[PDB]
Amino acid sequence: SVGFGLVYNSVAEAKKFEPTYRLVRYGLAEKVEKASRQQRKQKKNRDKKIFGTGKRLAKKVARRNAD
Amino acid sequence: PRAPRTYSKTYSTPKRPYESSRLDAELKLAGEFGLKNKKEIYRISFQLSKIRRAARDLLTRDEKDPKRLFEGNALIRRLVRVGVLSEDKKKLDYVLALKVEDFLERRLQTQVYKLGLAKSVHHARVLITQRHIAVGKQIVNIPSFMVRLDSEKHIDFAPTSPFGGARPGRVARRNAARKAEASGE
Amino acid sequence: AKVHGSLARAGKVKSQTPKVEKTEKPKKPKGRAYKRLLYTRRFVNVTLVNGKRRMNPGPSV
Amino acid sequence: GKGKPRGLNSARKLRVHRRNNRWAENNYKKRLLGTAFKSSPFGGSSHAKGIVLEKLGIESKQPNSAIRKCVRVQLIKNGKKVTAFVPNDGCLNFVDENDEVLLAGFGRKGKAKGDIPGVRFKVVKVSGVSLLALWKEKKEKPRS
RNA sequence: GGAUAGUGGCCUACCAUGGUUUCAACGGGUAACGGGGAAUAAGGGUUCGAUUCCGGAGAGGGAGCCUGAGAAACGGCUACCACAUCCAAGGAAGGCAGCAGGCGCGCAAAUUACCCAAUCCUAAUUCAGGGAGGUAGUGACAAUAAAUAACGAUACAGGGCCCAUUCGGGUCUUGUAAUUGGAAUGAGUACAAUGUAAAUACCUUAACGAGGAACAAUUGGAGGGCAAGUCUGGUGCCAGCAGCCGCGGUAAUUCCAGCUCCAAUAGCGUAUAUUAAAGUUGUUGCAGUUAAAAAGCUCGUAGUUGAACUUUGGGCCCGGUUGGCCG
RNA sequence: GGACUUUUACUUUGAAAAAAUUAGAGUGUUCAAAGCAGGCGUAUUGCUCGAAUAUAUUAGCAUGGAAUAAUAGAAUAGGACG
Ligand SMILES: [Mg+2]
Ligand SMILES: [Mg+2]
Ligand SMILES: [Mg+2]
Ligand SMILES: [Mg+2]
Ligand SMILES: [Mg+2]
Ligand SMILES: [Mg+2]
Ligand SMILES: [Mg+2]
Ligand SMILES: [Mg+2]
Ligand SMILES: [Mg+2]
Ligand SMILES: [Mg+2]
Ligand SMILES: [Mg+2]
Ligand SMILES: [Mg+2]
Ligand SMILES: [Mg+2]
Ligand SMILES: [Mg+2]
Ligand SMILES: [Mg+2]
Ligand SMILES: [Mg+2]
Ligand SMILES: [Mg+2]
Ligand SMILES: [Mg+2]
Ligand SMILES: [Mg+2]
Ligand SMILES: [Mg+2]
Ligand SMILES: [Mg+2]
Ligand SMILES: [Mg+2]
Ligand SMILES: [Mg+2]
Ligand SMILES: [Mg+2]
Ligand SMILES: [Mg+2]
Ligand SMILES: [Mg+2]
Ligand SMILES: [Mg+2]
Ligand SMILES: [Mg+2]
Ligand SMILES: [Mg+2]
Ligand SMILES: [Mg+2]
Ligand SMILES: [Mg+2]
Ligand SMILES: [Mg+2]
Ligand SMILES: [Mg+2]
Ligand SMILES: [Mg+2]
Ligand SMILES: [Mg+2]
Ligand SMILES: [Mg+2]
Ligand SMILES: [Mg+2]
Ligand SMILES: [Mg+2]
Ligand SMILES: [Mg+2]
Ligand SMILES: [Mg+2]
Ligand SMILES: [Mg+2]
Ligand SMILES: [Mg+2]
Ligand SMILES: [Mg+2]
Ligand SMILES: [Mg+2]
């Protein structure tokens, strides 16, 4: 079998320069959970429709439907 | 918009499809060398056409032409390295007389039978593709391998499969396992 | 030509041919092995000649 | 002699005189006039699909005598009606009126074939299967 | 002069009357974006190039314009036209020739998946973002490599360097089978680890997996062209076949079948287009008395073509290329 | 010593010429289509060959040639050299 290999003086330096997908292979960095691409992108388009704070328009929402 | 992957076909078909004299000779070459289909004959008739064409084009150029010498030799130097062109046939006028069996002779197919190892061309086939043979360290299962001159001596059964040591097959090892469980107890 | 001639007879002969099932036989080899069958047969043993070296003669002759 | 201009400077007249006599070449004329797009029952296409109007027994030309079992198909794309033959034995029963058959040429470069007068096309599939699939009973005609 | 970033009839004022054209202008057609290039392979040529690169154009049709270095932008605006969505009928809102997907069209073309790990791009910028791109899916478009079996034993023929008076068989050896014998292998399947961004598959590899009805190769043909049947049964100018020539009306070498056989073979057939074959477009290279084809005749402008002749012959110099002789 | 084609056509050499593709050199992707890779050595801190070359000339530019084929010139001398 033929492959490639890296030896970093100072593991701290290996934690700085390794592509993070290898760090999780070695248990040297946590696998980060995230929404799927499609779900993320969709929340970005949803937060586009909003200009400003959020919670301030939620007072506008709340001021109506009391009705 | 990724660079295109180039490719080319390796063979050619004959102009007249029904020729008794040509269909016999092709059958013969099939049986002598253990070939599969006319396509394998055809692929070689092709290589020969390309090499005779480049030679023809070189032989119409004046000798001592840098192109004629440079490409002339290299053509001859590759044809010798495989054992297609004889230790001296080495002029270009001779490659033009070369023919198909000269190539067909150099098949790892035909070399596995040529020295021992087989006792058939058809035994030679089933052997090669079935993983027991090696050229140096390397298992080669392609019957078209075209054994080159100085690798001829390294051809012997592979580090695996029973014929090279290292366990018998799993057909045999099953036969050893029926004699044990049954009348052994 | 007249276009309205009879369609009544379509499929006449195919319908009225007695069906015959094909007989079971051994499987012939495929690939390099069949081709070997042709070589050793067609010319090795030379079992058929009138001088014409027949491929598929009719029964008797 | 020879009757054609040989002058080194005559290329224009050689050039055009051939452009002019190319028009007696059948397959050059056709391809230039776009006969395929215009006068052809297919659009010049390899196959055309259409629906069966009625079935026509066409009697064959001499010395042969027989009834040739064709269908009349109006093409989905041009609406032009064309009469097409049905191959093999009894396949006529595989095609019924209003059946939407796939059509193909007879391979003659648009000339009629054999003893069938005027039939320039042949049936290929009925209702989306095949004739050989049906005739050989590899498939059944889809239940309507 | 005005305008433009700037040249310029780009536009305006005045003034001239020019400008293109049988060496084909102008117009009409293109099932026309141009090019790198593609198929065909004596040569000369013929045909094709929507489409991976470069250049152009457009973003339903037109025009307008805002911002900005850069747009006459369309995942910017304005308006008309054509479409077209939501509505409480007051109003609002849209441009998939981006990626997937739908409808329609048709002979004709795949998933509403995964990811920034690679390639590179952008930004205030190592980090964010990227349907650019890449991953997987579909995919007999093309292309490469090439399993479907290999080797022995018995029993007749066999040819049989023999040994022969009379199977007196020497010792082999080719094919054959209701006969046996073990060997082998991946197609699959599957721990693992490998691969990978994560997976998939490939490569590697434990445990498995080959004896016929399996792990069963197909597609076309068997009168000529053209490779292979005067075999059997059916049909009876009917059904059908047949590119072409032909075949079938009761002994069908051509149909429908069985058997056998040929050809190519994970591929083979059919239609269409195109090239070679075509010296049947002919420059190379055709033909024109009768086969297709010399204008009834002469004149003649474009075009094409156009006799000969003007420094030959002689004498020196310098240094290169290949050549047989020796290691 | 540096500079004439009267005015051309023609022909030689060269420059300027994208990659892909085509031809082709090198290279055992196990063969192959491909790809532009790789090849040594102790594999302990290394060494190293590559990634050629050929090719439209229609037109332009530079150039050597003057056969062929055109073309210009003194005739009412309004000709040449000084
Ligand atoms: Mg290449
Ligand atoms: Mg003549
Ligand atoms: Mg000529
Ligand atoms: Mg009759
Ligand atoms: Mg006839
Ligand atoms: Mg001005
Ligand atoms: Mg200006
Ligand atoms: Mg002016
Ligand atoms: Mg167009
Ligand atoms: Mg070209
Ligand atoms: Mg030719
Ligand atoms: Mg294009
Ligand atoms: Mg188009
Ligand atoms: Mg496209
Ligand atoms: Mg634009
Ligand atoms: Mg549209
Ligand atoms: Mg845009
Ligand atoms: Mg616009
Ligand atoms: Mg858009
Ligand atoms: Mg449809
Ligand atoms: Mg398709
Ligand atoms: Mg569809
Ligand atoms: Mg990235
Ligand atoms: Mg990122
Ligand atoms: Mg394939
Ligand atoms: Mg397990
Ligand atoms: Mg694979
Ligand atoms: Mg097994
Ligand atoms: Mg078996
Ligand atoms: Mg024959
Ligand atoms: Mg048939
Ligand atoms: Mg009969
Ligand atoms: Mg038959
Ligand atoms: Mg030709
Ligand atoms: Mg010539
Ligand atoms: Mg002729
Ligand atoms: Mg006459
Ligand atoms: Mg005549
Ligand atoms: Mg006249
Ligand atoms: Mg007349
Ligand atoms: Mg090469
Ligand atoms: Mg290679
Ligand atoms: Mg020139
Ligand atoms: Mg002259």
# chains A, B, ... in the order shown; residues from 1 in each chain; ligands from 1
>>> residues_around(residues="segment 111-124 of chain D", least_positions_apart="5", cutoff="7 Å", atoms="only C-alpha atoms (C1' of nucleotides)", output="MDAnalysis selection string")
chainID D and resid 60:61 83:86 101:106 130:131
>>> residues_around(residues="residue 5 of chain A", least_positions_apart="2", cutoff="12 Å", atoms="only C-alpha atoms (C1' of nucleotides)", output="JSON, numbers by chain")
{"A": [2, 3, 7, 8, 18, 22]}
>>> interface_residues(of="chain F", to="chain B", cutoff="10 Å", atoms="only C-alpha atoms (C1' of nucleotides)", output="VMD selection string")
chain F and resid 20 to 21 23 to 25 28 30 to 35 53 to 54
>>> select_by_dssp(residues="chain B", states="helix (DSSP H, G or I)", output="VMD selection string")
chain B and resid 20 to 32 38 to 59 66 to 81 92 to 95 100 to 104 108 to 114 121 to 129 149 to 154 170 to 181
>>> interface_residues(of="chain C", to="chain E", cutoff="10 Å", atoms="only C-alpha atoms (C1' of nucleotides)", output="PyMOL selection string")
chain C and resi 9-24+26-33+40-41+44-47+55-60
>>> residues_near_ligand(ligand="ligand 10", cutoff="12 Å", atoms="only C-alpha atoms (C1' of nucleotides) and all ligand atoms", output="PyMOL selection string")
(chain E and resi 35-39+47-49) or (chain F and resi 21-22+56)
>>> residues_near_ligand(ligand="ligand 31", cutoff="9 Å", atoms="only C-alpha atoms (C1' of nucleotides) and all ligand atoms", output="ChimeraX atom specification")
/E:221,241,254-255
